[PDB]
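Visitor: entry.cif is reproduced below (mmCIF, C-alpha atoms and all ligand atoms).
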```cif
data_input
loop_
_atom_site.label_atom_id
_atom_site.label_comp_id
_atom_site.auth_asym_id
_atom_site.auth_seq_id
_atom_site.Cartn_x
_atom_site.Cartn_y
_atom_site.Cartn_z
CA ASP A 1 80.90 128.85 97.17
CA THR A 2 81.84 131.71 94.76
CA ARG A 3 85.04 132.80 96.68
CA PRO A 4 88.30 132.27 94.65
CA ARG A 5 90.59 129.33 95.53
CA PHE A 6 94.39 128.87 95.56
CA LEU A 7 95.87 125.33 95.63
CA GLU A 8 99.40 124.01 96.38
CA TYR A 9 99.71 120.34 95.43
CA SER A 10 102.69 117.97 95.61
CA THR A 11 103.31 114.35 94.54
CA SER A 12 106.46 112.43 95.50
CA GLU A 13 106.41 109.45 93.10
CA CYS A 14 108.49 106.25 93.27
CA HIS A 15 108.42 104.24 90.00
CA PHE A 16 109.66 100.63 90.32
CA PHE A 17 111.03 98.37 87.53
CA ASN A 18 112.14 94.68 88.03
CA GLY A 19 111.39 94.74 91.78
CA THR A 20 113.69 97.47 93.20
CA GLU A 21 116.61 96.93 90.73
CA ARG A 22 115.56 100.08 88.76
CA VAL A 23 113.81 103.02 90.55
CA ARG A 24 112.71 106.47 89.19
CA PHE A 25 112.05 109.11 91.91
CA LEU A 26 109.87 112.09 90.83
CA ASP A 27 109.30 115.04 93.23
CA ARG A 28 106.56 117.10 91.50
CA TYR A 29 105.06 120.49 92.58
CA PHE A 30 101.81 121.98 91.28
CA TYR A 31 100.19 125.40 91.74
CA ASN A 32 96.49 125.31 90.82
CA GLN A 33 96.55 123.25 87.53
CA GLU A 34 100.18 124.16 86.68
CA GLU A 35 103.16 121.87 87.44
CA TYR A 36 105.87 124.51 87.99
CA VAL A 37 109.00 122.60 89.14
CA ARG A 38 110.20 118.98 89.70
CA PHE A 39 113.11 116.80 90.82
CA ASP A 40 113.81 113.77 88.59
CA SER A 41 116.28 111.20 90.06
CA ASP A 42 117.44 110.54 86.43
CA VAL A 43 118.26 114.29 85.99
CA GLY A 44 119.77 114.55 89.52
CA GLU A 45 118.70 118.18 90.12
CA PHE A 46 115.58 120.43 90.23
CA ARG A 47 114.23 121.70 86.89
CA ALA A 48 111.51 124.26 86.15
CA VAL A 49 108.57 122.75 84.21
CA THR A 50 107.22 126.30 83.54
CA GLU A 51 108.31 129.98 84.00
CA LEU A 52 106.68 130.01 87.52
CA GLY A 53 109.16 127.35 88.79
CA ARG A 54 112.35 129.27 87.78
CA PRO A 55 113.04 130.83 91.29
CA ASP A 56 112.71 127.31 92.86
CA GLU A 57 115.10 125.75 90.30
CA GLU A 58 117.84 128.33 91.22
CA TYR A 59 117.10 128.20 95.00
CA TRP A 60 116.52 124.45 95.62
CA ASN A 61 119.67 123.47 93.62
CA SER A 62 121.80 125.81 95.85
CA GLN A 63 120.29 124.14 98.99
CA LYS A 64 122.95 121.39 99.20
CA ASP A 65 121.45 119.47 102.18
CA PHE A 66 118.02 119.40 100.45
CA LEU A 67 119.50 118.39 97.02
CA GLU A 68 121.57 115.51 98.58
CA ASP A 69 118.40 114.37 100.46
CA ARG A 70 116.52 114.15 97.10
CA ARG A 71 119.49 112.36 95.40
CA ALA A 72 119.48 109.66 98.14
CA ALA A 73 115.63 109.24 97.98
CA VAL A 74 115.79 106.20 95.58
CA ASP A 75 117.38 104.15 98.44
CA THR A 76 116.43 105.97 101.73
CA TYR A 77 112.81 106.76 100.67
CA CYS A 78 111.67 104.79 97.54
CA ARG A 79 113.29 101.35 98.18
CA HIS A 80 112.64 101.72 101.94
CA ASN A 81 108.84 102.28 101.54
CA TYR A 82 108.62 99.42 98.98
CA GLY A 83 109.94 96.98 101.64
CA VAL A 84 107.70 98.37 104.43
CA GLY A 85 104.52 97.52 102.46
CA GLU A 86 105.77 94.60 100.24
CA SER A 87 103.82 91.79 102.03
CA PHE A 88 100.38 93.49 101.81
CA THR A 89 100.69 95.56 98.57
CA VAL A 90 103.08 93.99 95.99
CA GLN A 91 102.48 90.43 97.32
CA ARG A 92 98.72 91.02 98.01
CA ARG A 93 96.55 88.23 96.46
CA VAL A 94 92.71 88.36 96.55
CA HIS A 95 90.92 85.53 94.68
CA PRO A 96 88.19 86.38 92.13
CA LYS A 97 84.41 85.77 92.14
CA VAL A 98 83.37 84.37 88.70
CA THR A 99 79.71 84.95 87.67
CA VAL A 100 78.22 83.85 84.30
CA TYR A 101 74.81 85.23 83.23
CA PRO A 102 72.98 85.67 79.87
CA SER A 103 72.20 89.24 78.76
CA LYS A 104 69.65 91.12 76.61
CA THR A 105 70.87 92.74 73.36
CA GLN A 106 70.60 96.58 72.98
CA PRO A 107 68.34 96.59 70.90
CA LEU A 108 67.22 93.28 69.22
CA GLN A 109 70.36 92.05 67.38
CA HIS A 110 71.18 88.67 65.78
CA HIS A 111 73.37 87.67 68.74
CA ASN A 112 72.66 87.60 72.47
CA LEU A 113 75.34 88.28 75.07
CA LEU A 114 76.81 85.85 77.59
CA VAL A 115 78.44 87.87 80.40
CA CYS A 116 81.42 86.70 82.44
CA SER A 117 81.74 88.96 85.46
CA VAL A 118 85.02 88.62 87.37
CA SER A 119 84.89 90.62 90.66
CA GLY A 120 86.71 91.35 93.96
CA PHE A 121 90.27 90.46 92.81
CA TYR A 122 93.82 91.84 93.43
CA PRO A 123 96.18 92.63 91.61
CA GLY A 124 94.82 94.00 88.32
CA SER A 125 96.67 91.52 86.03
CA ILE A 126 94.04 88.95 84.84
CA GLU A 127 93.31 86.60 81.88
CA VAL A 128 89.63 85.95 81.05
CA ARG A 129 88.92 83.54 78.14
CA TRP A 130 85.69 82.29 76.53
CA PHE A 131 85.23 78.66 75.37
CA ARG A 132 82.66 76.97 73.08
CA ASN A 133 82.68 73.14 73.54
CA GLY A 134 86.37 73.10 74.58
CA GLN A 135 87.41 75.47 71.73
CA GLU A 136 88.50 79.07 72.52
CA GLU A 137 86.36 81.84 70.98
CA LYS A 138 88.57 84.71 69.72
CA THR A 139 85.94 86.62 67.66
CA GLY A 140 82.82 88.25 69.16
CA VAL A 141 84.46 88.81 72.59
CA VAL A 142 83.66 92.27 74.09
CA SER A 143 85.27 93.57 77.32
CA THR A 144 84.60 96.62 79.55
CA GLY A 145 88.33 96.51 80.34
CA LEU A 146 89.84 96.54 83.83
CA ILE A 147 87.64 98.37 86.39
CA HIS A 148 89.45 99.56 89.57
CA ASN A 149 86.97 99.62 92.52
CA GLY A 150 89.18 101.90 94.69
CA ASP A 151 89.10 99.46 97.67
CA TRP A 152 92.15 97.26 96.77
CA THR A 153 89.96 95.18 94.37
CA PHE A 154 89.23 95.08 90.61
CA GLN A 155 86.44 93.88 88.32
CA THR A 156 85.83 93.09 84.63
CA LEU A 157 82.90 92.07 82.42
CA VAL A 158 83.93 89.85 79.46
CA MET A 159 80.99 89.35 77.05
CA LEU A 160 80.58 86.78 74.29
CA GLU A 161 78.39 87.58 71.25
CA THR A 162 76.77 84.17 70.43
CA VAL A 163 73.62 82.29 69.27
CA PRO A 164 72.69 79.55 71.86
CA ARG A 165 72.45 76.55 69.46
CA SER A 166 73.08 72.68 69.35
CA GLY A 167 72.81 72.23 73.16
CA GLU A 168 76.38 73.61 73.53
CA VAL A 169 78.46 74.11 76.68
CA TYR A 170 79.87 77.66 77.09
CA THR A 171 82.76 78.07 79.55
CA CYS A 172 84.45 81.20 80.95
CA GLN A 173 88.07 80.55 82.02
CA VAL A 174 89.83 82.83 84.54
CA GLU A 175 93.61 82.99 85.19
CA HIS A 176 94.87 85.22 88.04
CA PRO A 177 98.10 85.17 90.22
CA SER A 178 95.92 84.50 93.34
CA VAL A 179 94.94 81.02 91.96
CA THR A 180 97.19 78.02 91.03
CA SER A 181 95.00 76.46 88.29
CA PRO A 182 92.52 78.27 85.94
CA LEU A 183 88.98 78.83 87.28
CA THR A 184 85.97 77.85 85.14
CA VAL A 185 82.20 78.49 85.20
CA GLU A 186 80.14 76.42 82.72
CA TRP A 187 76.87 77.68 81.19
CA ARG A 188 74.26 75.75 79.13
CA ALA A 189 71.07 76.92 77.33
CA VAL J 1 113.54 96.16 111.92
CA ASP J 2 112.02 99.39 110.50
CA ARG J 3 108.34 98.76 109.57
CA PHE J 4 107.73 102.56 109.42
CA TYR J 5 106.81 104.47 106.25
CA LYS J 6 109.13 107.44 105.68
CA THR J 7 107.82 110.94 104.83
CA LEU J 8 109.66 112.84 102.10
CA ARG J 9 110.29 116.13 103.97
CA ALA J 10 109.15 119.39 102.32
CA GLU J 11 111.35 122.54 102.01
CA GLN J 12 110.15 126.16 101.81
CA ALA J 13 110.05 127.67 98.28
CA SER J 14 112.05 130.74 97.10
CA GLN J 15 110.66 134.07 98.39
CA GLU J 16 112.48 135.91 95.48
CA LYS C 1 108.11 98.23 81.88
CA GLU C 2 106.72 99.83 85.11
CA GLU C 3 105.87 97.29 87.85
CA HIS C 4 104.55 99.44 90.76
CA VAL C 5 104.14 103.15 91.74
CA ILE C 6 104.13 104.60 95.31
CA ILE C 7 102.94 108.24 95.52
CA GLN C 8 102.96 110.53 98.56
CA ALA C 9 100.25 113.09 97.63
CA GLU C 10 99.78 116.26 99.67
CA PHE C 11 97.84 119.53 99.26
CA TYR C 12 96.83 122.79 100.97
CA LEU C 13 93.93 125.00 99.87
CA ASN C 14 93.04 128.66 100.60
CA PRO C 15 90.69 130.22 101.83
CA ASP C 16 89.43 126.84 103.21
CA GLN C 17 92.72 126.36 105.17
CA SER C 18 92.30 122.59 104.61
CA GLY C 19 95.11 120.14 103.89
CA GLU C 20 95.53 116.44 103.13
CA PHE C 21 98.42 113.94 103.15
CA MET C 22 98.17 110.37 101.79
CA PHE C 23 100.13 107.45 100.34
CA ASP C 24 99.02 105.74 97.13
CA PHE C 25 100.09 102.34 95.71
CA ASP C 26 99.03 101.51 92.08
CA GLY C 27 95.95 103.81 92.38
CA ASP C 28 94.93 102.58 95.85
CA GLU C 29 95.15 104.64 99.04
CA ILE C 30 97.44 102.87 101.59
CA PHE C 31 96.65 105.46 104.31
CA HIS C 32 95.85 109.13 104.97
CA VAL C 33 96.47 111.48 107.89
CA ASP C 34 93.47 112.78 109.88
CA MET C 35 94.48 116.48 110.19
CA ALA C 36 92.03 117.27 113.05
CA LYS C 37 92.84 114.14 115.17
CA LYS C 38 96.66 113.91 114.35
CA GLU C 39 96.17 110.21 113.43
CA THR C 40 97.24 107.80 110.68
CA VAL C 41 94.10 106.25 109.13
CA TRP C 42 94.78 102.96 107.24
CA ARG C 43 92.59 102.06 104.21
CA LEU C 44 92.43 98.38 105.28
CA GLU C 45 92.92 97.77 109.02
CA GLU C 46 95.33 94.82 108.42
CA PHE C 47 97.84 97.41 107.00
CA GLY C 48 98.33 98.84 110.53
CA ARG C 49 99.44 95.39 111.81
CA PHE C 50 102.42 95.12 109.35
CA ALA C 51 103.33 98.81 108.95
CA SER C 52 103.24 102.14 110.81
CA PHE C 53 103.44 105.88 110.11
CA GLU C 54 104.24 108.88 112.32
CA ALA C 55 101.40 111.41 111.65
CA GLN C 56 103.63 114.35 112.83
CA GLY C 57 105.69 114.03 109.61
CA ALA C 58 102.54 114.68 107.53
CA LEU C 59 101.49 117.72 109.64
CA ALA C 60 105.03 119.21 109.45
CA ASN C 61 104.84 118.83 105.60
CA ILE C 62 101.37 120.53 105.56
CA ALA C 63 102.81 123.59 107.41
CA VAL C 64 105.44 123.83 104.59
CA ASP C 65 102.79 123.31 101.83
CA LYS C 66 100.73 126.16 103.42
CA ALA C 67 103.85 128.45 103.45
CA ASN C 68 104.63 127.39 99.81
CA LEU C 69 101.02 128.14 98.79
CA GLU C 70 101.40 131.70 100.25
CA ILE C 71 104.63 132.16 98.16
CA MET C 72 103.11 130.64 94.95
CA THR C 73 99.87 132.74 95.24
CA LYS C 74 102.08 135.92 95.37
CA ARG C 75 104.42 134.59 92.59
CA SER C 76 101.46 133.94 90.19
CA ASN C 77 100.15 137.55 90.76
CA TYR C 78 97.21 136.17 92.85
CA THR C 79 95.76 133.98 90.03
CA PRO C 80 92.95 131.72 91.35
CA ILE C 81 92.26 128.12 90.25
CA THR C 82 90.06 127.43 87.21
CA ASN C 83 87.44 124.91 88.45
CA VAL C 84 87.39 121.64 86.46
CA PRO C 85 84.03 119.82 86.89
CA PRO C 86 84.09 116.05 87.63
CA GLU C 87 82.99 113.01 85.59
CA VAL C 88 80.73 110.85 87.81
CA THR C 89 80.20 107.07 87.24
CA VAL C 90 77.85 104.90 89.37
CA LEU C 91 78.36 101.11 89.39
CA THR C 92 78.21 97.99 91.60
CA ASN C 93 80.99 95.93 93.26
CA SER C 94 79.56 92.74 91.61
CA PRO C 95 76.47 91.65 89.47
CA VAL C 96 73.11 92.48 91.06
CA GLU C 97 71.02 89.74 92.76
CA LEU C 98 67.79 90.51 94.72
CA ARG C 99 68.09 90.27 98.56
CA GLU C 100 71.89 89.53 98.35
CA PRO C 101 74.25 92.19 99.91
CA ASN C 102 76.08 94.37 97.35
CA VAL C 103 77.97 97.72 97.24
CA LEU C 104 77.15 100.82 95.15
CA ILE C 105 80.31 102.64 93.93
CA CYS C 106 80.31 106.36 93.03
CA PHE C 107 83.48 107.23 91.08
CA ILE C 108 84.28 110.98 90.81
CA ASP C 109 87.20 111.67 88.38
CA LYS C 110 89.19 114.40 86.48
CA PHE C 111 88.49 117.34 88.85
CA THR C 112 90.17 120.31 90.65
CA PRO C 113 90.11 121.88 93.34
CA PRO C 114 89.92 118.73 95.56
CA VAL C 115 86.57 119.68 97.22
CA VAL C 116 83.26 117.78 96.85
CA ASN C 117 80.01 117.17 98.76
CA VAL C 118 78.82 113.62 98.08
CA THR C 119 75.37 112.49 99.28
CA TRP C 120 73.85 109.04 98.60
CA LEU C 121 70.09 109.18 97.86
CA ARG C 122 67.75 106.18 98.44
CA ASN C 123 64.35 107.05 96.82
CA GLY C 124 65.36 110.76 96.86
CA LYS C 125 66.13 110.58 100.62
CA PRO C 126 69.70 110.82 102.11
CA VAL C 127 71.31 107.63 103.53
CA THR C 128 74.44 107.47 105.79
CA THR C 129 74.37 103.84 107.07
CA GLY C 130 77.47 101.81 106.10
CA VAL C 131 78.79 104.62 103.82
CA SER C 132 82.57 104.90 103.26
CA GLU C 133 84.91 106.96 101.06
CA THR C 134 88.51 107.36 99.91
CA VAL C 135 90.39 110.68 100.23
CA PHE C 136 91.29 112.76 97.11
CA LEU C 137 93.48 110.27 95.17
CA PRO C 138 96.29 111.25 92.75
CA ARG C 139 96.31 111.00 88.92
CA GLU C 140 99.14 111.21 86.30
CA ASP C 141 98.24 114.94 85.81
CA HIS C 142 97.01 117.85 88.07
CA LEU C 143 93.51 116.28 88.45
CA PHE C 144 91.87 114.23 91.27
CA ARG C 145 89.97 110.92 91.76
CA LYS C 146 87.57 109.93 94.55
CA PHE C 147 85.48 106.84 95.40
CA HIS C 148 82.30 106.77 97.55
CA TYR C 149 80.55 103.58 98.75
CA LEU C 150 77.07 102.51 99.83
CA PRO C 151 76.49 98.89 100.98
CA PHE C 152 72.91 97.94 100.09
CA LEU C 153 70.36 95.12 99.88
CA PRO C 154 69.05 95.07 96.26
CA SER C 155 65.30 95.53 95.74
CA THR C 156 62.99 96.17 92.74
CA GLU C 157 61.21 98.90 94.82
CA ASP C 158 64.28 100.97 95.98
CA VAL C 159 66.03 103.46 93.60
CA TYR C 160 69.47 105.12 94.04
CA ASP C 161 71.30 108.42 93.29
CA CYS C 162 74.81 109.80 93.90
CA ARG C 163 74.54 113.62 94.34
CA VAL C 164 77.94 115.27 93.74
CA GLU C 165 78.52 119.00 94.48
CA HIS C 166 81.57 120.77 92.97
CA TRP C 167 82.26 124.49 92.19
CA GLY C 168 82.87 123.55 88.51
CA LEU C 169 79.21 122.41 88.16
CA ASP C 170 76.33 124.91 87.67
CA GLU C 171 73.90 122.39 89.29
CA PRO C 172 74.54 119.39 91.70
CA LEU C 173 75.25 116.31 89.52
CA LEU C 174 72.92 113.32 90.16
CA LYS C 175 73.95 109.92 88.76
CA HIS C 176 71.12 107.35 89.00
CA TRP C 177 71.09 103.56 89.61
CA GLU C 178 68.21 100.99 89.72
CA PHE C 179 67.66 97.20 89.24
CA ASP C 180 67.41 95.97 85.55
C1 LIG A 201 79.53 121.79 100.39
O1 LIG A 201 78.48 122.07 101.43
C2 LIG A 201 78.47 123.36 102.02
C3 LIG A 201 77.15 123.62 102.78
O2 LIG A 201 76.86 122.79 103.84
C4 LIG A 201 78.81 124.50 101.01
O3 LIG A 201 79.01 125.77 101.63
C5 LIG A 201 78.01 126.75 101.43
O4 LIG A 201 78.09 127.34 100.06
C6 LIG A 201 77.14 128.37 99.82
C7 LIG A 201 77.33 129.08 98.46
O5 LIG A 201 76.31 128.98 97.53
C8 LIG A 201 77.02 129.40 100.97
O6 LIG A 201 75.77 130.07 100.92
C9 LIG A 201 77.13 128.85 102.33
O7 LIG A 201 77.42 129.89 103.24
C10 LIG A 201 78.11 127.77 102.51
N1 LIG A 201 77.84 127.12 103.81
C11 LIG A 201 78.91 126.72 104.70
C12 LIG A 201 78.55 126.06 106.03
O8 LIG A 201 80.07 126.88 104.40
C13 LIG A 201 79.96 124.21 100.15
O9 LIG A 201 80.12 125.24 99.20
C14 LIG A 201 79.81 122.93 99.45
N2 LIG A 201 81.02 122.55 98.71
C15 LIG A 201 80.99 122.32 97.28
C16 LIG A 201 82.28 121.89 96.57
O10 LIG A 201 79.98 122.48 96.64
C1 LIG A 202 116.09 91.80 87.13
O1 LIG A 202 117.21 91.94 88.13
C2 LIG A 202 118.20 90.92 88.13
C3 LIG A 202 119.42 91.25 89.01
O2 LIG A 202 120.27 90.21 89.34
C4 LIG A 202 118.65 90.47 86.72
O3 LIG A 202 119.31 89.21 86.75
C5 LIG A 202 117.56 90.34 85.75
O4 LIG A 202 118.12 90.24 84.46
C6 LIG A 202 116.60 91.46 85.76
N1 LIG A 202 115.44 91.13 84.91
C7 LIG A 202 114.98 91.99 83.84
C8 LIG A 202 113.77 91.58 83.00
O5 LIG A 202 115.54 93.04 83.60
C1 LIG A 203 103.33 138.93 87.17
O1 LIG A 203 103.41 140.39 86.84
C2 LIG A 203 104.67 140.79 86.32
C3 LIG A 203 104.70 142.27 85.88
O2 LIG A 203 105.88 142.97 86.06
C4 LIG A 203 105.22 139.88 85.19
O3 LIG A 203 106.64 139.96 85.11
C5 LIG A 203 104.89 138.45 85.28
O4 LIG A 203 104.86 137.92 83.98
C6 LIG A 203 103.62 138.09 85.97
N1 LIG A 203 103.72 136.68 86.41
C7 LIG A 203 102.77 135.69 85.99
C8 LIG A 203 102.93 134.25 86.48
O5 LIG A 203 101.85 135.97 85.25
NA NA A 204 97.50 86.19 85.05
NA NA A 205 103.77 97.54 112.69
NA NA A 206 105.56 106.68 108.82
#
```
Please express what this file holds, its structure, as structure tokens.
Guide:
Amino acid sequence: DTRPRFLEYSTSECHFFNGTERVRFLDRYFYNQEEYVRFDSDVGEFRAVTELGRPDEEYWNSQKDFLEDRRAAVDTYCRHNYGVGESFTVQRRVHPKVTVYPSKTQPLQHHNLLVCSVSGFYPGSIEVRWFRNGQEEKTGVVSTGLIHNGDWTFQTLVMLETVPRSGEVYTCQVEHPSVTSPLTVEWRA
Amino acid sequence: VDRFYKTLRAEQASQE
Amino acid sequence: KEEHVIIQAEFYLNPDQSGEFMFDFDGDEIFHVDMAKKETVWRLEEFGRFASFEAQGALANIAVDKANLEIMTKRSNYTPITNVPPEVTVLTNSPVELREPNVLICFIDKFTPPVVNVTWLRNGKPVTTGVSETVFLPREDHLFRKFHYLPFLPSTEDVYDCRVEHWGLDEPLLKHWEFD
């Protein structure tokens, strides 16, 4: 479609620190790609982000019932919605699937890769460590970083650059809040 | 016990 | 220092006359409101057992967003949106094993306006069995994220494509996937 488009977009953001002890409420307004005005709970009033948000800064700050509503949002809206979903969002725990497989080097390099895939876990906070005969490998460890799957799960690929020698035992160790003791998958040449 | 998510109500912009 | 972030993201677009209302928690959709049906649609069905949402609140907000769009369009001297094309990434839910169920993920990121046509292509042919998708998810800036899914049975024979259509792209973007 060639026809021109006009977009009005709004985000009402609740930022939580130390549970609900410290909250930052952000009422943002966007026109097309431009954020024009916003309400910051720290500021306590509406402020124009650009020139286009100036009539809203003057008008929304004079609307006393609307300004008091925004000032009370940290408790009546932010803290309230945190509690409503707490058991299945904040406290949500999905245990990971740990897969260890050898990989081909791109192209022929001195070292081959040993991939530790950690999938289907929640939350995002995870510790993935590589071991060589009980000793932790700190060098030659390559990670794709944290991959969000968009379905309340995460994944990560933690590679080890090594030469399969001696008859060694390689071990990937996984630590996640969903499990009490670290998870391990052993691999041998 | 309120197990309901609350909507942050929207207000009409300035027509000036 | 930030622990968690809850975002209520809402939009209205002209001339399409289409709106959307959703709640986001740490980048994940909690729920969205079905504008046509006047229904709350939970991302994971267990969410509806512990929490609830009155869909009327979302629709009342959308009427205001529409009115605000009308005002903002006039205020900007009728300036249309500059289309930002998306970055498309195709991946799997887990490592690939032959004849073992897996999920293909199509991640569409950094785009505006929030309008796409996403078709999954198995050997160049469209597939709709088991397909699922998120709504237009919020980002730190003015741009949008979206996830599309295709549950599949891995084979050496079968090849895959995610065809994404956006007004910022001159040609429909096809991101390919195949075994090894
Ligand atoms: C998504 O799909 C529809 C078609 O099914 C697109 O709408 C068409 O766009 C072209 C412009 O080149 C027109 O010729 C048609 O009249 C439109 N058809 C309909 C039914 O509206 C739409 O543009 C696509 N959306 C995106 C973002 O690409
Ligand atoms: C978190 O909140 C409590 C309130 O009693 C306080 O004791 C504690 O110091 C806070 N922790 C941090 C890291 O700020
Ligand atoms: C719209 O046009 C007028 C001309 O009088 C001008 O004041 C203003 O800068 C324009 N607004 C924008 C957002 O470009
Ligand atoms: Na951890
Ligand atoms: Na309930
Ligand atoms: Na609700």
Visitor: Could you pull out the residues sitting within 10 Å of ligand LIG 203 (chain A), using only C-alpha atoms and all ligand atoms, and write them as an MDAnalysis selection string?
Guide: (chainID A and resid 50:53) or (chainID C and resid 72:79)
Visitor: At a cut-off of 7 Å around ligand LIG 201 (chain A), and using all atoms listed in the file, what residues come up? Please write them as a VMD selection string.
Guide: (chain A and resid 1 to 2) or (chain C and resid 115 to 117 165 to 167)
Visitor: For the interface of chain J with ligand NA 206 (chain A) (cut-off 6 Å, counting only C-alpha atoms and all ligand atoms), please tabulate each contacting residue of chain J alongside its nearest pair of atoms and their separation in Å to one decimal, rows sorted by chain and increasing number, as JSON lines.
Guide:
```
{"residue": "J:4", "atom": "CA", "partner": "A:NA206", "partner_atom": "NA", "distance": 4.7}
{"residue": "J:5", "atom": "CA", "partner": "A:NA206", "partner_atom": "NA", "distance": 3.6}
{"residue": "J:6", "atom": "CA", "partner": "A:NA206", "partner_atom": "NA", "distance": 4.8}
```
Visitor: Any idea which chain C residues end up within 8 Å of chain J if we count all atoms listed in the file, as a count of residues only please?
Guide: 14
Visitor: Find the distance between atom CA of residue A:88 and atom CA of residue A:179 and write it in Å to one decimal.
Guide: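 Here the two named atoms are 16.8 Å from each other.
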Visitor: Residues of chain C within 6 Å of chain A: nearest atom pair and distance (Å, one decimal) for each, counting all atoms listed in the file, sorted by chain and number, as JSON lines?
Guide:
```
{"residue": "C:2", "atom": "CA", "partner": "A:17", "partner_atom": "CA", "distance": 5.2}
{"residue": "C:3", "atom": "CA", "partner": "A:17", "partner_atom": "CA", "distance": 5.3}
{"residue": "C:4", "atom": "CA", "partner": "A:16", "partner_atom": "CA", "distance": 5.3}
{"residue": "C:5", "atom": "CA", "partner": "A:15", "partner_atom": "CA", "distance": 4.7}
{"residue": "C:6", "atom": "CA", "partner": "A:14", "partner_atom": "CA", "distance": 5.1}
{"residue": "C:7", "atom": "CA", "partner": "A:13", "partner_atom": "CA", "distance": 4.4}
{"residue": "C:8", "atom": "CA", "partner": "A:12", "partner_atom": "CA", "distance": 5.0}
{"residue": "C:9", "atom": "CA", "partner": "A:11", "partner_atom": "CA", "distance": 4.5}
{"residue": "C:10", "atom": "CA", "partner": "A:10", "partner_atom": "CA", "distance": 5.3}
{"residue": "C:11", "atom": "CA", "partner": "A:9", "partner_atom": "CA", "distance": 4.3}
{"residue": "C:12", "atom": "CA", "partner": "A:8", "partner_atom": "CA", "distance": 5.4}
{"residue": "C:13", "atom": "CA", "partner": "A:7", "partner_atom": "CA", "distance": 4.7}
{"residue": "C:14", "atom": "CA", "partner": "A:6", "partner_atom": "CA", "distance": 5.2}
{"residue": "C:28", "atom": "CA", "partner": "A:150", "partner_atom": "CA", "distance": 5.9}
{"residue": "C:69", "atom": "CA", "partner": "A:8", "partner_atom": "CA", "distance": 5.0}
{"residue": "C:80", "atom": "CA", "partner": "A:6", "partner_atom": "CA", "distance": 5.3}
{"residue": "C:81", "atom": "CA", "partner": "A:32", "partner_atom": "CA", "distance": 5.1}
{"residue": "C:94", "atom": "CA", "partner": "A:119", "partner_atom": "CA", "distance": 5.8}
{"residue": "C:142", "atom": "CA", "partner": "A:33", "partner_atom": "CA", "distance": 5.4}
```
Visitor: Could those residues be written to a file, using C-alpha atoms, as a short mmCIF file (atom, residue, chain, number, x, y, z; two decimals), in the coordinates of the input?
Guide:
```
data_model
loop_
_atom_site.label_atom_id
_atom_site.label_comp_id
_atom_site.auth_asym_id
_atom_site.auth_seq_id
_atom_site.Cartn_x
_atom_site.Cartn_y
_atom_site.Cartn_z
CA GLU C 2 106.72 99.83 85.11
CA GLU C 3 105.87 97.29 87.85
CA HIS C 4 104.55 99.44 90.76
CA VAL C 5 104.14 103.15 91.74
CA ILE C 6 104.13 104.60 95.31
CA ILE C 7 102.94 108.24 95.52
CA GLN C 8 102.96 110.53 98.56
CA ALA C 9 100.25 113.09 97.63
CA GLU C 10 99.78 116.26 99.67
CA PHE C 11 97.84 119.53 99.26
CA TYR C 12 96.83 122.79 100.97
CA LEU C 13 93.93 125.00 99.87
CA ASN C 14 93.04 128.66 100.60
CA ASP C 28 94.93 102.58 95.85
CA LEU C 69 101.02 128.14 98.79
CA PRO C 80 92.95 131.72 91.35
CA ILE C 81 92.26 128.12 90.25
CA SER C 94 79.56 92.74 91.61
CA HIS C 142 97.01 117.85 88.07
#
```
Visitor: Could you name the residues that touch residue C:98 at 9 Å or less, counting all atoms listed in the file, but leaving out those on the same chain fewer than 4 positions away, as a list in words?
Guide: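 Final neighbour list, sorted by chain and number: residues 153, 154, 155, 156 and 179 of chain C.
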Visitor: Measure the distance from atom CA of residue C:56 to atom CA of residue C:35 in Å and round it to one decimal.
Guide: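 Atom CA of residue C:35 lies 9.8 Å from atom CA of residue C:56.
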Visitor: Which residues are near ligand NA 204 (chain A) in this structure, taking near to mean any atom at most 10 Å from a ligand atom and counting only C-alpha atoms and all ligand atoms? Format them as a ChimeraX atom specification.
Guide: /A:123-128,174-179,182
Visitor: Could you check the closest approach to ligand NA 205 (chain A) for each of C:132, C:148, C:45, C:173 and tell me which residue wins, using only C-alpha atoms and all ligand atoms?
Guide: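 For ligand NA 205 (chain A), the nearest of the given residues is C:45.
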Visitor: Output, as JSON, the centre and edge lengths in Å (one decimal) of the axis-aligned box that contains all listed atoms of stretch 101-117 of chain A with 6 Å of margin on each side.
Guide:
```
{"center_x": 74.5, "center_y": 90.9, "center_z": 75.6, "size_x": 26.5, "size_y": 23.4, "size_z": 31.7}
```
Visitor: What's the separation between atom CA of residue C:158 and atom CA of residue C:135, in Å to one decimal place?
Guide: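 Interatomic distance, atom CA of residue C:158 to atom CA of residue C:135: 28.2 Å.
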Visitor: Which of these residues is nearest to ligand NA 205 (chain A), using all atoms listed in the file: C:49, C:110, C:37, C:145?
Guide: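 Selected residue with least distance to ligand NA 205 (chain A): C:49.
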